[PDB]
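Position 40, counted from 1, in the first sequence is what PDB author numbering calls 117; the numbers after and before it change by one each time, with no gaps. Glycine included, every Cβ here is placed at the ideal spot set by N, Cα and C. Shown next, in structure tokens, is the structure this report addresses.
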Amino acid sequence: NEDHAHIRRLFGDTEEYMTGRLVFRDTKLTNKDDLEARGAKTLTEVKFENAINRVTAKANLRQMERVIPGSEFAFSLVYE
RNA sequence: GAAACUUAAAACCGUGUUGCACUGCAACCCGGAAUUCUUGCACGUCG
């Protein structure tokens, strides 16, 4: 509500442009069969990371999960 | 003139729906704004 009049025009606010003009959507993954056509087994990888110490270096572990870099999503939005 | 009840007996009673027809109805978005984000070397030590 303190943004520009061009950002508060297509995104909403609660002062004078009460509704969007832009409708975003949720997006599922689409190319699942194209990923198992190649050599991909799981849709999400598991990545191990480290945090080293800058003196007498000892490290503690954490595990991160993320979507693989071959994925494709069906982007869409409406304008009124 | 003094002396002998226009008295006795007789229900203002019997029968009869405050009843018949009638929508608490028509019109109205629990709606508008908001990133599950910020920092982090799978690494150190070798008779």
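Check: What's the C-alpha gap between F150 and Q140?
Finding: 25 Å
Next item on the list: Taking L154 as the reference, give the member of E79, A136, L87 with the closest Cα.
Entry: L87
Notebook entry, point to check: In chain order, what residues of the same chain lie with their CB nearer than 6 Å to the CB of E157, ignoring the 5 residues before and after it?
Noted result: Hits under 6 Å: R98.
Margin query: Closest to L138 by C-alpha separation, out of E92, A128, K109, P146, would be which residue?
Written below: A128
Note to self: Only counting the same chain, and skipping five residues up and downstream in sequence, which positions put a Cβ closer than 7 Å to that of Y94?
What the structure shows: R85, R86
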